[PDB]
Amino acid sequence: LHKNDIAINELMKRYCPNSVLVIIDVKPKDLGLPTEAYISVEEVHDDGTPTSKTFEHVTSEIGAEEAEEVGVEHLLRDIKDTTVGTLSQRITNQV
Amino acid sequence: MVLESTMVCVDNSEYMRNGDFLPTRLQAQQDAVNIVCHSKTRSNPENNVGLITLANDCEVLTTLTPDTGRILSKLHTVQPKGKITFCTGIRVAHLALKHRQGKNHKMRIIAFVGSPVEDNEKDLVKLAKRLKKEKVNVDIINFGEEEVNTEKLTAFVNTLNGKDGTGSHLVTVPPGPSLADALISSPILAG
Amino acid sequence: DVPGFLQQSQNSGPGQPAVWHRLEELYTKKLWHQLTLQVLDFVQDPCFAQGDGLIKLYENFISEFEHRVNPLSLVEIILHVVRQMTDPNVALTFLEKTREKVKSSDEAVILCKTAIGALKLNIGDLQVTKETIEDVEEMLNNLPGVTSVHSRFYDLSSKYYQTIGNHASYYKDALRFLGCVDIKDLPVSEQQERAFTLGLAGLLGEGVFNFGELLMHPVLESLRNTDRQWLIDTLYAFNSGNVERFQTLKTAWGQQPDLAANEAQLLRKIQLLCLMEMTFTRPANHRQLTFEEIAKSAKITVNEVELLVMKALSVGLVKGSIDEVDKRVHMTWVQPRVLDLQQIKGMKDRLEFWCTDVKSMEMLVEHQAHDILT
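Protein chains in written order, with the UniProt record's numbering: chain Y, 101 to 195; chain P, 1 to 191; chain D, 3 to 376.
Following this line, the structure appears as structure tokens:
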């Protein structure tokens, strides 16, 4: 996260309404959730530091509407669904 | 005709509104921008003109476009804040010259400076060395003054200007009742 | 009036022509900004404030019809005018005139109402001034967080602190004053009394329990090096807790006025300190405790500990509820607040142990799990 990002987001803070910032990685080596939703708001600091733009973490979920699930499932033919049973559960319980 | 890009920087400070010199000369140099962009329109209408200020926070009012129609409307609301900035004012233009449409167009950037430079000689000669390295045409225009006109600015221009043959020219305007239009129209850079 | 100004501009005191030379030079050059700068430099100088009554009005008029330079400077110099003349009667008319004269581009109304309120903070008006102060702090939540205006607002909250009405608000604003600190350029001689009344407000503050937050920032303890250490001693004693009542009794009888009636309240405030510290002391190894240590440290009987923990549950800083039948004391979640070194060591320790345990179990399980299942 660069310091200039507040100035970059300031433009859309002026012209447009409040903007949400998303940080991802260039190389998908991260096992965790690649997408982090950060809302831009001004919060009162307890220490007394001057008021500045603060990025607050917002929970998110990865999902599709209708056809995108079909497209992904067809293009992959690798990943498996929930499939309640032994292997599907024990894989999670392992990794 | 001639294929080149035009970048004009306007001074949004309050030093342009002073009562000694012209009565808010911002409108006068605005009219200058108008007549020179109309001149370029008459010569080569395919040229694009961008607009940005010299202030701390760099904000582009209008992206480079051959049509000055909406630009004339964007010439208003100068937002008279800040004082002056140099380095990032250069880096927000010369580095942004790669975002132009036509790749056959030459690189030309001018500036209107109505405030004293806060940067030392080091940053000046370094940035001049950079502009000389990437070889970009620069025309220095200063409206109004406080201290001596040209001291380190002379060596600044001399070090910044390469290719003595048909190269860049320096524009120095003294105090006077006459406007800045016919005065900046004197060199070959205008018209 | 420009040619007629030369007559009264030329004539001045013994030392005035020194600055009046540059003043009249910038006046002939007709530079408004440089004129304003020269004015501020003139005010900054320790003038005798005698024959300046003419130049104040002149620069006032000039600043009025110039409609160029920042009117805030005019606000400052007219505040110097109302400070020198001490005439609140025409002050309202002048301020209203300044508010009416300035057009609308950027909003100076916050500093204008700041000045109005500041001048109205005298014995003349109180309630309405507090109302318009609330208005002022409710004015701009926007980007100009420069806090300089809010620092002047902190001065207003100091003049409001002169009133015994609300102690807590001045401390909440004192946190902001603690966070808005820039540099040491301002006189330390003033910082003595500033940190003094800050110490008094912090001590008498009922909106805060632990004083460790005030001692947290290094600038205060760095600026208190010149001042006597009697305050730093008792503040650090309140920060690290008091196992002895002698010193806190000494600082209880240290300040005679207003500390007598609030003494018992301060005792009821610091009685929770030993509790939170003792429950934050041992994170493990039989958390279960008894009232013996509490009664020994707080030198109180066994009859008043019920009302003590009743007050503790009344504040709401502790969720502790003891289900005991036979004599016992159970403890619960508590806030670390300022800092602890042994709890940092214990933090890295318990964390390293937890981490290597989770890692060990993970590797141990996955060892056979990957082979026999996959």
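The beta-carbon is built from N, C-alpha and C at its ideal position, and this holds for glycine as well.
Q.
Taking the alpha carbon of residue 95/P as the reference point, which residue from 109/P, 85/P, 69/P has its own alpha carbon closest?
A. 109/P
Q: Buried or exposed for residue 1/P, please, with buried defined as at least 16 other CB atoms from any protein chain shown within 10 angstroms of its CB.
A: exposed
Q. Between residue 117/P and the rest of its own chain, which residues show a CB-CB distance below 7 Å, the 5 nearest in sequence each way excluded?
A. 86
Q.
Give me the residue from 291/D, 271/D, 343/D, 362/D with the minimum Cα distance to residue 315/D.
A. 271/D
Q: Give a yes or no on whether 8 Å exceeds the smallest Cβ distance from residue 150/Y to chain D.
A: yes
Q) Does the segment 200-216 of chain D touch the segment 232-248 of chain D, meaning 3 or more C-beta pairs lie closer than 8 Å? A) yes
Q. Distance, Cα to Cα, residue 114/P vs residue 11/P?
A. 6 Å
Q. Nearest to residue 122/P by CA position, among 5/P, 159/P, 41/P, 4/P, is which residue?
A. 159/P
Q: Put residue 248/D into one of helix, strand or coil per three-state DSSP.
A: helix
Q.
Just checking residue 132/Y against the ligand ATP - is the residue's beta carbon closer than 7 Å to any of the ligand's heavy atoms?
A. No copy of the ligand ATP appears in this structure; indeed no ligand is present at all.
Q) Per DSSP, which one or two residues make a beta bridge with residue 142/P? A) 113/P, 172/P
Q. Between residue 51/D and residue 117/D, what straight-line distance do the alpha-carbon atoms span, to the nearest angstrom?
A. 21 Å
(Q) Using only the alpha-carbon positions, how far apart do residue 29/D and residue 46/D sit? (A) 19 Å
Q | Minimum Cβ-Cβ distance from residue 189/Y to chain D less than 8 Å | A | no
Q.
Less than 8 Å between CB atoms is the rule here; does residue 147/D satisfy it with respect to chain Y?
A. yes
Q.
Quick check on residue 17/P - is its C-beta less than 8 Å from some C-beta in chain D?
A. yes
**Q.** Three-way DSSP call (helix, strand, coil) for residue 302/D in this model
**A.** coil
Q) Among 105/P, 17/P, 77/P, which one has its Cα closest to the Cα of residue 44/P? A) 105/P
(Q) Just to confirm before moving on: does the CB-CB distance between residue 35/D and residue 15/P stay below 8 Å? (A) yes
Q) residue 185/D and residue 141/D: beta carbons closer than 8 Å? A) no
(Q) If the cut-off is 8 Å on Cβ atoms, which residues from the segment 19-38 of chain P count as contacting chain D, listed in chain order? (A) 19, 20
Q.
For the pair the segment 286-304 of chain D and the segment 328-335 of chain D, tell me if three or more CB-CB distances fall below 8 Å.
A. yes
**Q.** Backbone secondary structure at residue 157/Y - three-state DSSP
**A.** strand
Q: Since I believe residue 140/Y is in contact with residue 119/Y (beta carbons under 8 Å), could you give me their beta-carbon distance rounded to a whole number of angstroms?
A: 6 Å
Q) Would residue 105/D count as contacting chain P if we go by Cβ distances under 8 Å? A) no
Q) Is residue 147/Y close to chain D, meaning its C-beta is less than 8 Å from at least one C-beta of that chain? A) yes
Q: Determine, using beta carbons only, whether residue 147/P comes closer than 8 Å to chain D.
A: no
**Q.** Chain-ordered residues of the segment 163-196 of chain D with a beta carbon less than 7 Å from chain Y
**A.** 177, 178, 179, 180, 181, 182
Q: Compare the Cα-Cα distances from residue 179/P to each of 31/P, 7/P, 4/P and report the closest residue.
A: 31/P
Q | Outcome for residue 29/P when other beta-carbon atoms lying within 10 angstroms are tallied against a minimum of 16 | A | buried
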